[PDB]
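Engineer: Supplied in structure tokens, the structure appears directly below.
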Amino acid sequence: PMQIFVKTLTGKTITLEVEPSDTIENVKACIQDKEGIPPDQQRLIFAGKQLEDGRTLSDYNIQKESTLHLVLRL
Amino acid sequence: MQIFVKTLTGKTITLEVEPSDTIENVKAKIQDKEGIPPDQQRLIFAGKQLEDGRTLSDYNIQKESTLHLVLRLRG
Amino acid sequence: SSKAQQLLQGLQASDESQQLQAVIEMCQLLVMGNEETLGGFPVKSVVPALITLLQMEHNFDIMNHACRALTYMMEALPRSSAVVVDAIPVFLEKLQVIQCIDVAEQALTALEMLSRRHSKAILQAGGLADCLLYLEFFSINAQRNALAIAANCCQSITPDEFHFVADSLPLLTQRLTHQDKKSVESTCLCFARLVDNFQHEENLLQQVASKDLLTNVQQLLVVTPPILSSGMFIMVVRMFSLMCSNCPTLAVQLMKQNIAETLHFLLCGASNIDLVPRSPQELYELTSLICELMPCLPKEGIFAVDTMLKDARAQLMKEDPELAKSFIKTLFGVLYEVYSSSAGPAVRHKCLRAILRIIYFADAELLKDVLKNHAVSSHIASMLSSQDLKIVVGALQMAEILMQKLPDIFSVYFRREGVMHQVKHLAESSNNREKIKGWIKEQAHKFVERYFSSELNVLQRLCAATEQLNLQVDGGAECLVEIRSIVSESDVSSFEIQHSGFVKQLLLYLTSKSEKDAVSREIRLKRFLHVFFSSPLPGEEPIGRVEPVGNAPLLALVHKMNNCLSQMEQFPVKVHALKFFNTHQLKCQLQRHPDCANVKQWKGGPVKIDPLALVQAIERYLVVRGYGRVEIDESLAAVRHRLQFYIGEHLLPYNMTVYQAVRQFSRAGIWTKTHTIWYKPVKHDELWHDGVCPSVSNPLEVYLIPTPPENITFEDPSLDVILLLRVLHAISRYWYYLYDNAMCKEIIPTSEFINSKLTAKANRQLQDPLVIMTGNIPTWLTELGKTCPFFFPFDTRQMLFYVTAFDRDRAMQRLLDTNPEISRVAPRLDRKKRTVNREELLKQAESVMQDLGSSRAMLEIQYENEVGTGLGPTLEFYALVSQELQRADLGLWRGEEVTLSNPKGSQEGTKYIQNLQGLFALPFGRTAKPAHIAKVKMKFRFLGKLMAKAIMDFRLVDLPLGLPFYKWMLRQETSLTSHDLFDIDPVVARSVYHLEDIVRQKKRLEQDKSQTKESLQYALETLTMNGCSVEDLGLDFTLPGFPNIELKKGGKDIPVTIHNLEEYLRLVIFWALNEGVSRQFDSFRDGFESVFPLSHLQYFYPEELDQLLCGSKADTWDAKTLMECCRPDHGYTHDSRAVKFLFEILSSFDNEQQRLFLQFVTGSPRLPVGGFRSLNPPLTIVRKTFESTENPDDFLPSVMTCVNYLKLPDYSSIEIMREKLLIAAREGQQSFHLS
């Protein structure tokens, strides 16, 4: 049980409470449910990289109070 | 100083506690007496979620008081 | 921009540290950028500097960022790939000689990202060999990217340029047998594209295929479970078909390499005909390959018309024919089975062509011993009488070939199964159509003149039997036994039943009532039920109960009628676009209606008209534009109707699409011509006083009609058989209403009326996206679904209901959920969110259903102090409200008071209503206070609205209702008898039955005229029931069990006597089933119709609504069904230990732990119809990630209920798993604290 912050370009803070063994696609689906962005325009950025679908959060060593970024594509 | 902790269905557990005791000690005692890890225990007193980092005296919790235990598992 | 110039100046420098800092900064700026944010980024200057920086040798770290910068630039701005594509030589040079593996991997990633749009440059750059020269040294991802580059380069290739792949083909061929999915997929794509591009060059095809590719792909296609997916299976099979068609030598080579075994395995299954279910495209591709492996037909003779409807294999056949004989013997059976069990214009035609070539190129003996356990004459006769002028020609050619090859065998079959008759019909009764008509006429005339020109104990016998069923002439019972003998033990055909009028005569025999008939209808029906089935003869009813056993002759007649209907039917199935519909939009013109002119006159011209838009959008646009006033304003937009639209004399409903509005009331013209729409602003109470009840209706009398029902419009040659089957099913369902004493049992269960061809045609029609998206379902399908629903199974009717009862968005969602295989369809639905509290759930649920109960948008329910939202809490809302609606305090249903198992903190001690046959409403008399009645009525209205809303949103409820409840729902409350009291009150039914055992004796004894008044009185007073007389019972006119409900006025001082007992029984039944439960069901009907009408529930029977509303029936699981839909991944690959323990431990519950587990994981204590295999997200099992200190033993499992994601620790024992999977399911319920 950990909490992370997803922050957009306009400036927000979505506090997602997740677990290390979750899939990135599920996180994107939850962001869709909570904000309305379709789960295909999102491009999550962590530590100056691009997160990929099909993996888990524990692979990238995501921990408590780690801030991600949500950059949309058109 | 033997506060009662009630689970969801019907169970009530007595727990001896000192006045200046943190929430972590209470959670550890509950783990010892019941088995639930001190990571998935969420204690609720009156109508407030007991934050970790304080003592029962701050929340005006006294003898013969009742606390509620709810598990943090679903989503 | 401003920082971009500084970064560019940093790139153009000398100090190495400056370059490193600048490139890191540039990569960081590019990662978080976007098309709008990074506008004006200099790509004409940054790119050349980055390339010059990459062209180095002294560092192994700056390059890993120089490549990343270009990769991210292509990713962010998808238009920089016009200046970015200049260092293909540099990337290829780095690939040629290797120094750092990571640099090579990044170069591969950059090339893969670039190849999506520029592959020709890479192809002329020589990258195909360079990428694969060191293919065995990289990791998995680099290999996948290299194979993707190879595929994208081989997509666009030319015959002149072949040396780029000429030396690399063996590497891919040897790579075709790997155990990695994606590498195999990419290599197969490369081969398919190469074969497609080189299709007109036989030498190049022989170079590509050789002799090892065929072998490798042959064992690739057979391995199970399939490495390939469905689409790639289709692509590979199409590669085979194209290769065999374009060059016969490889067709011969595959025919000499036992390809027949592979085709047989793919079609039927195993090597020990139950065909494996496959999609229509796969079957079409396999049939095309089978057809192509066969020699082609001659272009002269009777095949000259095929030029208007629009070698090496022959040499091998002239050679050793053992191979060809084995091929034909192996494949004819599966070909015929596929042909006779598929409904599609393409599969059928391909199978037909294959059958023609097989028959033409075979000899006498091979056809003799292949066409033995088959029925070909019936198929030819059925397909002759068809509207399409392709199948007719094919059938004529088959008939000619079969007559020429086997005259003796196929000379009695054609006469017995009506082929000569149809050929004579065709031969007696803007240029191509006339020419093919003339060819058909001449060919049929020649066939008749040659083979059947100059010319039986079954047809004459059937005619003699059917001439004795005439209404004007008495027939006794010999005609029926003759018909039974002919049907049960003979070799009668479907054509003989047509020729000798049997179905029409039997229909008139069973369903006629006039004054010129020589025998009444009742005696005829009883004679029929005595001959078929074993009911007593008229006037000879035994004293006991009519409970016959035998039902075989009726089943035989039903089967023969179904076979005849399948043989004769000619219904059309329309399947076939999406890009056109999603691209082009409709055009409309608005003109004011001349009769009334108050609003402003339209002058804009064309109107924005989306194909799937509703007329509500047009009304809103007109109101906002200001035409509704008798600048853009939102006050009017922010229900009451002020404007209305008309087209001709037909009113336009508000819930109708513009496409349908144009198509129906007002084709190429729909999308080309302009349309116009007009706009304009908008009693003595006998029951209580005398004691008389309404008569019981007999449902069979409305089915027994000779003429078709008013709902039937279509014209087909099999209407009579449909009507006869309808009558027979009505008789089977309702036969105890004709006898005074009988047992309520169906003669034949309704599952034995299913037709095997109409179901296939319906299922095929319910798969085309375009018809579901537009709403062009053929009339016959809906009409048969509403009039004769016994032909189709439950799933077909459920899908038809969901497609034709609601809007297009829900239909598309249902189609996507049911068929995950699939110019792309994309539903768009609205969502409304509401917050509730778990302390006043009923009141807030009532408020929610009053506000948004009837809206046309999905509803999602969230809670106050919780962070969970989605599809879990929404299902839990219904699962809890349904449980709340069963409380004993409300006082609504019958039954006993029990206490729930495993309750919450406050739920303990609450009484709940339990009944072991279902829930039925309590009776209310004529003395009930208005407050109680109003409360019950509002509760029932809320319940009805709740169920109506739950059905529309694809949710499930948890309310165990009863059969009389659904009979009331379907408007069948006027046909309820004493049989139904066993479903409401077991103990009253026995008393009613024992009392009805006395009225029959009383009537029989009074019917004897050889007695006197005193003798009659003594005999009537002497009648006793279990030692006590009706006077000794001492009852009254109060409904039993409830001593406050009066059957009629003064029912306290009126004791029941032998003289008035029938009235007492009838009043008891009426007050228990219809009277006291009327006001409580009228409110339910009013509430239900507030969402969508009840008339859309006519596809179901009263015993099928439970599965529609609630879940499936309870069943005990086992490892076999669990290890076929559960998908374990992320640490628990199949055949692990935790998965084994879990699969063993679920299949040991008692349905209470099953309910607990289902509620804990899914959120609802029920499963969709079909069990685990019907859950759209399969239950996924993953390994929980722990640390090195805490044991992964004293923890608890977790679940994401939105996607059925179960996180499970690796326990060290099964007892620990048992003791820690129950704590989670019991003490971890009713909470969403982690989302």
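Chain labels run A, B, ... following the order of the structure tokens; each chain numbers its residues from 1, and ligands are numbered from 1 in the order shown.
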Please extract the residues of segment 15-65 of chain B with a backbone DSSP assignment of strand (DSSP E) and present them as number ranges by chain.
Structural biologist: B: 41-45, 48-49
Engineer: Pick out the chain B residues within 12 Å of chain A. Count only C-alpha atoms. Give them as a PDB file with N, CA, C and O atoms, in the first residue's frame.
Structural biologist:
ATOM      1  N   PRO B  38       0.788  -5.327  10.697  1.00  0.00           N
ATOM      2  CA  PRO B  38       0.646  -3.898  10.994  1.00  0.00           C
ATOM      3  C   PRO B  38       0.918  -3.030   9.779  1.00  0.00           C
ATOM      4  O   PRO B  38       1.664  -2.050   9.859  1.00  0.00           O
ATOM      5  N   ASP B  39       0.322  -3.390   8.648  1.00  0.00           N
ATOM      6  CA  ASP B  39       0.465  -2.624   7.419  1.00  0.00           C
ATOM      7  C   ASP B  39      -0.917  -2.499   6.792  1.00  0.00           C
ATOM      8  O   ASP B  39      -1.204  -1.544   6.064  1.00  0.00           O
ATOM      9  N   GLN B  40      -1.788  -3.460   7.099  1.00  0.00           N
ATOM     10  CA  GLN B  40      -3.151  -3.499   6.589  1.00  0.00           C
ATOM     11  C   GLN B  40      -4.183  -3.312   7.696  1.00  0.00           C
ATOM     12  O   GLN B  40      -5.321  -3.772   7.575  1.00  0.00           O
ATOM     13  N   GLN B  41      -3.802  -2.643   8.778  1.00  0.00           N
ATOM     14  CA  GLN B  41      -4.718  -2.283   9.851  1.00  0.00           C
ATOM     15  C   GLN B  41      -4.990  -0.787   9.791  1.00  0.00           C
ATOM     16  O   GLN B  41      -4.055   0.016   9.732  1.00  0.00           O
ATOM     17  N   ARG B  42      -6.270  -0.418   9.803  1.00  0.00           N
ATOM     18  CA  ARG B  42      -6.696   0.980   9.773  1.00  0.00           C
ATOM     19  C   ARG B  42      -7.648   1.196  10.944  1.00  0.00           C
ATOM     20  O   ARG B  42      -8.804   0.770  10.898  1.00  0.00           O
ATOM     21  N   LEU B  71      -9.862  -3.507   7.527  1.00  0.00           N
ATOM     22  CA  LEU B  71      -8.695  -3.962   6.787  1.00  0.00           C
ATOM     23  C   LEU B  71      -8.575  -3.245   5.449  1.00  0.00           C
ATOM     24  O   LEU B  71      -9.573  -2.907   4.806  1.00  0.00           O
ATOM     25  N   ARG B  72      -7.330  -3.021   5.031  1.00  0.00           N
ATOM     26  CA  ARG B  72      -7.017  -2.293   3.804  1.00  0.00           C
ATOM     27  C   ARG B  72      -6.584  -3.297   2.737  1.00  0.00           C
ATOM     28  O   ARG B  72      -5.398  -3.504   2.486  1.00  0.00           O
ATOM     29  N   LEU B  73      -7.561  -3.918   2.097  1.00  0.00           N
ATOM     30  CA  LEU B  73      -7.238  -4.989   1.160  1.00  0.00           C
ATOM     31  C   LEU B  73      -7.846  -4.805  -0.221  1.00  0.00           C
ATOM     32  O   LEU B  73      -7.197  -5.139  -1.215  1.00  0.00           O
ATOM     33  N   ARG B  74      -9.065  -4.285  -0.318  1.00  0.00           N
ATOM     34  CA  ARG B  74      -9.776  -4.285  -1.586  1.00  0.00           C
ATOM     35  C   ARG B  74      -9.478  -3.016  -2.384  1.00  0.00           C
ATOM     36  O   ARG B  74      -8.760  -2.120  -1.939  1.00  0.00           O
ATOM     37  N   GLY B  75     -10.039  -2.941  -3.587  1.00  0.00           N
ATOM     38  CA  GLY B  75      -9.841  -1.796  -4.456  1.00  0.00           C
ATOM     39  C   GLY B  75     -10.842  -1.660  -5.585  1.00  0.00           C
ATOM     40  O   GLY B  75     -11.825  -2.396  -5.648  1.00  0.00           O
TER      41      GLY B  75
END
Engineer: Any chance you could tabulate, as a Markdown table, the residues of chain A at most 10 Å from chain C with each one's nearest atom pair and distance in Å to one decimal, using only C-alpha atoms, in chain and rising number order?
Structural biologist:
| residue | atom | partner | partner_atom | distance |
| --- | --- | --- | --- | --- |
| A:1 | CA | C:1234 | CA | 7.5 |
| A:2 | CA | C:1234 | CA | 9.0 |
| A:3 | CA | C:1234 | CA | 9.4 |
| A:9 | CA | C:32 | CA | 9.4 |
| A:15 | CA | C:1235 | CA | 9.6 |
| A:16 | CA | C:1235 | CA | 6.7 |
| A:17 | CA | C:1235 | CA | 5.3 |
| A:18 | CA | C:1235 | CA | 6.1 |
| A:19 | CA | C:1234 | CA | 8.5 |
| A:20 | CA | C:1185 | CA | 7.0 |
| A:21 | CA | C:1184 | CA | 6.2 |
| A:22 | CA | C:1205 | CA | 8.8 |
| A:23 | CA | C:1205 | CA | 9.7 |
| A:26 | CA | C:1203 | CA | 8.1 |
| A:27 | CA | C:1235 | CA | 9.4 |
| A:29 | CA | C:1202 | CA | 9.8 |
| A:30 | CA | C:1235 | CA | 8.1 |
| A:33 | CA | C:870 | CA | 6.9 |
| A:34 | CA | C:869 | CA | 8.1 |
| A:43 | CA | C:32 | CA | 9.3 |
| A:44 | CA | C:32 | CA | 9.3 |
| A:45 | CA | C:32 | CA | 7.3 |
| A:46 | CA | C:32 | CA | 9.9 |
| A:47 | CA | C:28 | CA | 9.5 |
| A:48 | CA | C:28 | CA | 6.1 |
| A:49 | CA | C:31 | CA | 7.0 |
| A:50 | CA | C:31 | CA | 7.7 |
| A:55 | CA | C:1130 | CA | 9.0 |
| A:56 | CA | C:1130 | CA | 8.6 |
| A:58 | CA | C:1185 | CA | 7.8 |
| A:69 | CA | C:32 | CA | 8.2 |
| A:70 | CA | C:32 | CA | 8.7 |
| A:71 | CA | C:32 | CA | 6.6 |
| A:72 | CA | C:34 | CA | 7.5 |
| A:73 | CA | C:34 | CA | 6.9 |
| A:74 | CA | C:35 | CA | 7.8 |
Engineer: Export, as a CSV table (one decimal), in the first residue's frame, the selected residues with C-alpha atoms.
Structural biologist:
chain,number,residue,atom,x,y,z
A,1,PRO,CA,0.0,0.0,0.0
A,2,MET,CA,1.7,3.1,-1.3
A,3,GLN,CA,0.6,6.6,-2.5
A,9,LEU,CA,1.0,20.1,-17.5
A,15,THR,CA,-3.1,11.0,-5.5
A,16,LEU,CA,-3.3,7.4,-6.6
A,17,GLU,CA,-3.1,4.8,-3.9
A,18,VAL,CA,-1.7,1.6,-5.5
A,19,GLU,CA,0.5,-1.4,-4.8
A,20,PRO,CA,3.9,-2.2,-6.2
A,21,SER,CA,2.6,-5.2,-8.2
A,22,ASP,CA,0.2,-3.2,-10.3
A,23,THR,CA,0.3,-3.0,-14.1
A,26,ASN,CA,-4.3,-0.5,-14.9
A,27,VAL,CA,-2.9,2.8,-13.7
A,29,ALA,CA,-7.3,3.0,-16.9
A,30,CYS,CA,-7.8,4.4,-13.4
A,33,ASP,CA,-11.8,6.8,-14.9
A,34,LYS,CA,-10.8,9.7,-12.6
A,43,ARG,CA,2.5,9.0,-22.1
A,44,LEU,CA,3.7,8.6,-18.6
A,45,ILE,CA,7.2,9.9,-17.8
A,46,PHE,CA,9.4,8.8,-14.8
A,47,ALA,CA,13.0,9.9,-14.1
A,48,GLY,CA,13.3,11.4,-17.6
A,49,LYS,CA,12.1,8.2,-19.3
A,50,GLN,CA,8.9,6.8,-20.9
A,55,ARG,CA,5.2,-4.0,-17.0
A,56,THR,CA,4.8,-3.5,-13.3
A,58,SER,CA,8.1,-2.7,-9.0
A,69,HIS,CA,4.2,13.1,-15.1
A,70,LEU,CA,1.3,12.8,-17.6
A,71,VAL,CA,2.1,14.2,-21.0
A,72,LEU,CA,-0.7,13.8,-23.6
A,73,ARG,CA,-0.3,13.1,-27.3
A,74,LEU,CA,-2.6,14.1,-30.2
Engineer: Would you work out the distance separating atom CA of residue 317 of chain C from atom CA of residue 241 of chain C, expressed in Å to one decimal?
Structural biologist: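 We find that atom CA of residue 317 of chain C and atom CA of residue 241 of chain C lie 19.8 Å from each other.
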Engineer: From the set C:1166, C:318, C:175, C:1220, which residue has the shortest atom-to-atom contact distance to chain B, counting only C-alpha atoms?
Structural biologist: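 Ranking C:1166, C:318, C:175, C:1220 by distance to chain B, first place goes to C:1220.
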Engineer: Using only C-alpha atoms, which of the listed residues (C:584, C:894, C:1226, C:357) sits closest to chain B?
Structural biologist: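 Looking at the shortest contact to chain B, the residue is C:1226.
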Engineer: Tell me, in Å to one decimal, how far atom CA of residue 16 of chain B is from atom CA of residue 47 of chain B.
Structural biologist: 22.4 Å
Engineer: For residue 187 of chain C, work out the shell of residues within 8 Å, counting only C-alpha atoms and skipping chain neighbours fewer than 2 positions away, then give it as a list in words.
Structural biologist: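 With the cut-off at 8 Å, the set is residues 147, 151, 172, 175, 176, 183, 184, 185, 189, 190 and 191 of chain C.
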Engineer: Select all residues from chain C having any atom no more than 12 Å from an atom of chain B (counting only C-alpha atoms, ignoring ligands), output as a ChimeraX atom specification.
Structural biologist: /C:865-873,900-909,1159-1163,1190-1208,1216,1219-1221,1223-1235
Engineer: For residue 66 of chain A, please output as a PyMOL selection string all residues within 7 Å (counting only C-alpha atoms; exclusion window: fewer than 3 positions along the same chain).
Structural biologist: chain A and resi 4-5+62-63
Engineer: Could you list, as a list in words, every residue within 10 Å of segment 989-993 of chain C, counting only C-alpha atoms and ignoring same-chain residues fewer than 4 positions away?
Structural biologist: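 Neighbouring residues, sequence-local ones excluded: residues 978, 979, 980, 981, 982, 983, 984, 985, 997, 998, 1065, 1066, 1068 and 1069 of chain C.
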Engineer: What does the file look like for those residues with N, CA and C atoms, as a PDB file, in the first residue's frame?
Structural biologist:
ATOM      1  N   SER C 978     -54.866 -24.224  -9.871  1.00  0.00           N
ATOM      2  CA  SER C 978     -54.450 -24.802  -8.599  1.00  0.00           C
ATOM      3  C   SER C 978     -53.051 -25.398  -8.649  1.00  0.00           C
ATOM      4  N   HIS C 979     -52.502 -25.628  -9.843  1.00  0.00           N
ATOM      5  CA  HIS C 979     -51.142 -26.148  -9.933  1.00  0.00           C
ATOM      6  C   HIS C 979     -50.128 -25.150  -9.394  1.00  0.00           C
ATOM      7  N   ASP C 980     -50.412 -23.853  -9.516  1.00  0.00           N
ATOM      8  CA  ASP C 980     -49.463 -22.819  -9.131  1.00  0.00           C
ATOM      9  C   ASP C 980     -49.452 -22.531  -7.638  1.00  0.00           C
ATOM     10  N   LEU C 981     -50.389 -23.083  -6.865  1.00  0.00           N
ATOM     11  CA  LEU C 981     -50.336 -22.876  -5.425  1.00  0.00           C
ATOM     12  C   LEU C 981     -49.197 -23.644  -4.770  1.00  0.00           C
ATOM     13  N   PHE C 982     -48.619 -24.630  -5.454  1.00  0.00           N
ATOM     14  CA  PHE C 982     -47.456 -25.314  -4.903  1.00  0.00           C
ATOM     15  C   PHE C 982     -46.217 -24.432  -4.912  1.00  0.00           C
ATOM     16  N   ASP C 983     -46.199 -23.389  -5.738  1.00  0.00           N
ATOM     17  CA  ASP C 983     -45.084 -22.454  -5.788  1.00  0.00           C
ATOM     18  C   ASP C 983     -45.210 -21.308  -4.791  1.00  0.00           C
ATOM     19  N   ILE C 984     -46.356 -21.163  -4.121  1.00  0.00           N
ATOM     20  CA  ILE C 984     -46.570 -20.091  -3.162  1.00  0.00           C
ATOM     21  C   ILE C 984     -46.820 -20.617  -1.754  1.00  0.00           C
ATOM     22  N   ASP C 985     -47.563 -21.717  -1.617  1.00  0.00           N
ATOM     23  CA  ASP C 985     -47.933 -22.246  -0.305  1.00  0.00           C
ATOM     24  C   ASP C 985     -48.070 -23.758  -0.408  1.00  0.00           C
ATOM     25  N   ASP C 997     -60.779 -33.459  -4.655  1.00  0.00           N
ATOM     26  CA  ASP C 997     -61.084 -34.877  -4.792  1.00  0.00           C
ATOM     27  C   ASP C 997     -62.513 -35.220  -4.388  1.00  0.00           C
ATOM     28  N   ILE C 998     -63.247 -34.291  -3.772  1.00  0.00           N
ATOM     29  CA  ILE C 998     -64.593 -34.571  -3.282  1.00  0.00           C
ATOM     30  C   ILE C 998     -65.645 -34.031  -4.243  1.00  0.00           C
ATOM     31  N   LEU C1065     -63.531 -22.950  -3.197  1.00  0.00           N
ATOM     32  CA  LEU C1065     -62.214 -23.233  -3.764  1.00  0.00           C
ATOM     33  C   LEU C1065     -61.823 -22.198  -4.813  1.00  0.00           C
ATOM     34  N   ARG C1066     -62.760 -21.834  -5.692  1.00  0.00           N
ATOM     35  CA  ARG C1066     -62.448 -20.847  -6.718  1.00  0.00           C
ATOM     36  C   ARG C1066     -62.112 -19.496  -6.100  1.00  0.00           C
ATOM     37  N   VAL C1068     -60.856 -19.020  -3.104  1.00  0.00           N
ATOM     38  CA  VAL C1068     -59.557 -19.135  -2.446  1.00  0.00           C
ATOM     39  C   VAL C1068     -58.436 -18.950  -3.460  1.00  0.00           C
ATOM     40  N   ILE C1069     -58.527 -19.651  -4.591  1.00  0.00           N
ATOM     41  CA  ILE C1069     -57.478 -19.547  -5.601  1.00  0.00           C
ATOM     42  C   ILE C1069     -57.393 -18.125  -6.151  1.00  0.00           C
TER      43      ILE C1069
END
Engineer: With only C-alpha atoms as the counted atoms, please give the residues lying no more than 10 Å from residue 63 of chain B, apart from itself and same-chain residues fewer than 6 positions off, as a CSV table (one decimal) with C-alpha atoms, in the first residue's frame.
Structural biologist:
chain,number,residue,atom,x,y,z
B,1,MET,CA,-6.4,0.7,30.4
B,2,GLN,CA,-7.7,-2.4,28.6
B,3,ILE,CA,-9.3,-0.7,25.6
B,4,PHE,CA,-11.6,-2.9,23.3
B,16,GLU,CA,-3.7,-3.6,27.7
B,17,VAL,CA,-2.2,-0.2,26.8
B,19,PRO,CA,-1.2,6.2,28.3
Engineer: If we count only C-alpha atoms and set the cut-off at 9 Å, which residues sit around residue 44 of chain C, ignoring sequence neighbours fewer than 4 positions away in its own chain? Please answer as a ChimeraX atom specification.
Structural biologist: /C:48,80,83-84
Engineer: Those residues you just picked out, can you put them in a file as a compact mmCIF listing (two decimals), in the first residue's frame with C-alpha atoms?
Structural biologist:
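again38.txt, freshly written:
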# COMPACT_ATOMS: atom_id res chain seq x y z
CA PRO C 48 22.86 18.12 -38.24
CA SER C 80 10.80 15.87 -37.85
CA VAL C 83 15.46 16.08 -41.49
CA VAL C 84 15.93 13.20 -39.05
Engineer: For atom CA of residue 746 of chain C and atom CA of residue 732 of chain C, determine how far apart the two atoms are, in Å to one decimal place.
Structural biologist: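 We find that atom CA of residue 746 of chain C and atom CA of residue 732 of chain C lie 5.7 Å from each other.
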